[PDB]
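Note sheet for the following structure.
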Amino acid sequence: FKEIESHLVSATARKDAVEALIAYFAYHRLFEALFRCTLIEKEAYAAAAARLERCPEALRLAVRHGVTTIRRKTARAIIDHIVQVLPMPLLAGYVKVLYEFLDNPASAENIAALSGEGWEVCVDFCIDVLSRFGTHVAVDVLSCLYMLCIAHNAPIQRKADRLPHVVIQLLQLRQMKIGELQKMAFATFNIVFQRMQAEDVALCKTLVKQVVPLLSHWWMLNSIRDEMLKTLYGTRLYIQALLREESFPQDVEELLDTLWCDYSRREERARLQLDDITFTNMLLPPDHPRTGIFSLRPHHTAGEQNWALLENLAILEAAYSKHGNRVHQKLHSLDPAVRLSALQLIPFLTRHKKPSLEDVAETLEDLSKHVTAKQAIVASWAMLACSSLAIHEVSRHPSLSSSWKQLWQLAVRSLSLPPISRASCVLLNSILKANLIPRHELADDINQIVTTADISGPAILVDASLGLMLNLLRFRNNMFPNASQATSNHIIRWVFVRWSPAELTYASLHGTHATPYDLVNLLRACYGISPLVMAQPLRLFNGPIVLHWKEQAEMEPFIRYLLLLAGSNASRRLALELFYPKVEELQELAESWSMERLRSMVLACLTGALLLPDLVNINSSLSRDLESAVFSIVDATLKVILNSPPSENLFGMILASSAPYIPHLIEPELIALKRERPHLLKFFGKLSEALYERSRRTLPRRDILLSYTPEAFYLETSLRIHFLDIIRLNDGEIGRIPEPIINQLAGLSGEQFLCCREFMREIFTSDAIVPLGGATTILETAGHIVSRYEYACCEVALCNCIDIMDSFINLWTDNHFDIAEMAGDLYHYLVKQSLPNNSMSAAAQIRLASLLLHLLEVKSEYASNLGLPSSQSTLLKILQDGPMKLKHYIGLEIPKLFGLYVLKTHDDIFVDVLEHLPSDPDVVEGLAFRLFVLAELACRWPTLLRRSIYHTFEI
């Protein structure tokens, strides 16, 4: 465009060129040519606006091809440009520019580094607009202002003087019903406030004292009905610190009124359907959401809004009934849509309100007036809601005990009801387990069912059922151990009869429940052989509404203080035989081949490959005719798993279900797997090269929470298998990292390196012999990615390299190796260029800080060899100036800094720490943190108790 740009710098000798690039649709040449071209057009100012209602249409597109390959020197000028050009002439055209400039997210993360200068005036540009405010101007000014604030290192503090008052003044008008004006705002007052909750608390107690009225008046629309669930989670604390103080409890009236004004006209569509919760007993991570009896369904994403709507209520109504029986007023409320709502909500409220005898026996007496219903839900839900009350130290007062035997037989008469049987298993389960009945008294009730298997026998063969009989099966073996072999034999056949994996009635409406862990663990006690391993917590993936909550529960306990609140095979023969018709039962569908019917066929094999080795000890010519048999079904699936349209996600079905059995890839636990269950390994071995087929035919989120997205779990697990199979074939690679995987890790596409940061930490953490090019190349890759202006200021990129270094805190703290110069070469980038520039975030410094601690616990003089200050002052330099999520993390870990010192040097360092803690008189948001790290040294080391008390009293 040499002379084509000569047009740009006349009346139409230049306008024509502008319309030529539009046909087409270093840029510093074009833009700064275009800016002056836009200048010439500016002096034109009704017959003159056609060259400035179209010039921004270049300014919005002249960058889409370089908005990736724009650098920082450029956009700075672009900002001053747009701020000065309009110092709606060209608003609706200029406003669309930044919304087509901040969607390459690396923009609002590298205009906020280096004293955030590029970040400074953009936000002033954006805020002056909303103060003015054509609707179509806001929805791209507030959609970019929000597209700024959602950035990890967004210095909101030095601009939160006016911004928290800008969105809320936009929302302060209760008109223009709903859209993005209420979804590119309501998504900020979470991402903005959630940053200033643990600092500037005087700001927020007053802020959220206003938004609650705005929260009780907004009731595809679930696009917004997800934010208000994120806005309640991140705030449920403050609303228990204002209720401890008069028009605010004049609002919480209506807001908790709404949570019964919305559940009503939703009786039909979906209100926490009983399939969306599971009663199993696998070991789950304590992050997980539960209610003290059941738990949310792993790997189910669409079923989160309801449990989130309910938990919030029973976490915000047990706070307005304590501080201020407002619930039970809605128990005798004669409105069915306003009863089952309060009927599901019992176990939630049951968690933390702990009613005493005024409300316990008040409740139970009406529930037993519903447990005898004939509806499928009420006769199920009301059975749950009572088991919730069952687990209390304030429920074994026998002045109400009759209900717990009135309702006892209610299920022993209900275990035969097809739509009402599972929540009936719970009642007897909790009631037995809560121990309200002597062992003899609940024995005939056991003696019949364990021996009749037909009348009031568990109708359903489900997790809660296959957990139910285990108690009884362990009860019929509790008092009558002699000849208790006959007890199980009434159940195994009952199991198989009940077990209908090749069905379209059971396996399509009770398949999503029975897991190969709750089913096999029933058998694992008959012979008395072994329960499954299940040593580590299940790794699973969540949806954003709960994902957003992982980033709070780490630091509530701080914000809870800124607020002051023969005898063996006798059934294995029976087992091996009875199993074979079932093998063929599904093997009728061997070559006969929808989606969820495959699930049973999918879920069945892991009931074989964990039993097949434990059903071969006899060789009745069925033992090898079982193992040779079952693996004739899998391959058909692996012929329909491969061939499909990958918009049904049938590849992930085989993965989420097979996930809970992969061991921890630490070798000494993998070996004891190979010497036991190769058939299982065989499944992973057949599956591995079955996986590769899709591979022979970017960033969803940049938080530290990539490793819980749906994406990571279909990439983390996909490698935990490729490496499990790669070992069963040849033992030639146990104890150390085999070669193909490490040469495969380099064969990742960037965003595939970030999503697996929770995997490369799972193998290298353990001890092994990594090959020569191995550790380096991924550590070499981890450098070619961190330095690319896409992953320079990237909370997940920075958190990644710091996460592979610590794994190799040994392989370069030894000598001068070809890798021992790489880490330092990287190390200087981090603690002298990355850190000061404000190119880190709260979540990376947290990862950075936790390395220096592991350095002093190894070397203590690394930076004292390179030319950097110290691996003990750098730590504290971070501590002094940081984001409160980082400071709070150190006050927890720094009591370990005093562990690497002879006792007589502790009081020397407490002068360093004191030198750096926040000390400013009229800022109590920082003082209250000083007193917080002085209580963690006292409570940890005695030799610092006198200092920590003298200094606490000085404040």
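In the structure tokens, the first chain shown is A, the next is B, and so on; residue numbers restart at 1 for each chain, and ligands run from 1 in the order shown.
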Could you pull out the residues in segment 405-521 of chain A that DSSP calls helix (DSSP H, G or I) from the backbone, as a PyMOL selection string? chain A and resi 405-412+422-434+444-452+463-475+485-498+516-521
For residue 156 of chain A, work out the shell of residues within 10 Å, counting only C-alpha atoms and skipping chain neighbours fewer than 6 positions away, then give it as number ranges by chain. A: 119-120, 123, 148-149, 163-164, 192-193, 195-196
Please produce an output containing C-alpha atoms for each residue in the selection, written as a PDB file, in the first residue's frame.
ATOM      1  CA  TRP A 119      -4.436  -0.117  31.323  1.00  0.00           C
ATOM      2  CA  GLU A 120      -4.810   3.299  32.945  1.00  0.00           C
ATOM      3  CA  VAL A 123     -10.531   2.404  31.953  1.00  0.00           C
ATOM      4  CA  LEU A 148     -10.611  -5.389  31.048  1.00  0.00           C
ATOM      5  CA  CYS A 149     -11.527  -6.082  34.677  1.00  0.00           C
ATOM      6  CA  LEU A 163     -15.267   2.052  39.101  1.00  0.00           C
ATOM      7  CA  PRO A 164     -17.271   0.097  41.742  1.00  0.00           C
ATOM      8  CA  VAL A 192     -14.353  -6.695  40.383  1.00  0.00           C
ATOM      9  CA  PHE A 193     -15.659  -7.067  43.929  1.00  0.00           C
ATOM     10  CA  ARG A 195     -10.931  -8.943  44.205  1.00  0.00           C
ATOM     11  CA  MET A 196     -11.651  -6.316  46.895  1.00  0.00           C
TER      12      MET A 196
END
Which residues, written as a PyMOL selection string, have at least one atom at most 10 Å from residue 760 of chain A, with only C-alpha atoms counted and residues fewer than 6 positions away on the same chain left out? chain A and resi 716+719+742+745+753+778+800+803-804+807
Any idea what the distance is between atom CA of residue 240 of chain A and atom CA of residue 704 of chain A?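 Interatomic distance, atom CA of residue 240 of chain A to atom CA of residue 704 of chain A: 28.8 Å.
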